[PDB]
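Residue 28 in the deposited numbering sits at position 28 of the sequence shown; the count goes up by one each step and never skips.
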Amino acid sequence: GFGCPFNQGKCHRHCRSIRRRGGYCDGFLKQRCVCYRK
């Protein structure tokens with residue numbers, strides 16, 4: 001969806017920039033991702 005498993009970077013790079021480190025898409029369609037750290 002919005003990202004992984006097609007574009008993890010889109011959801012793994014957006015958060016990463018926030019000093020984050022890891023994540024996993026949460027949905028099939030353009031829903032939204034929630035990088036590990038909350």
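For each residue, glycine too, the CB sits at the ideal point set by N, CA and C.
Limits of the alpha helix (DSSP H) - the one that residue i falls within
i     : result
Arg13 : 8 to 16
Presumed contact (8 Å Cβ cut-off) between residue i and residue j, rounded CB distance
i     : j    : result
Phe28 : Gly3 : Between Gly3 and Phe28 the Cβ distance is about 11 Å, and since that is not below 8 Å, they are no contact.
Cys25 : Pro5 : 7 Å
Three-state class that DSSP yields for residue i in the structure shown
i     : result
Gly3  : strand
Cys25 : strand
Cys35 : coil
With 16 other Cβ atoms within 10 Å as the buried cut-off, status of residue i
i     : result
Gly23 : buried
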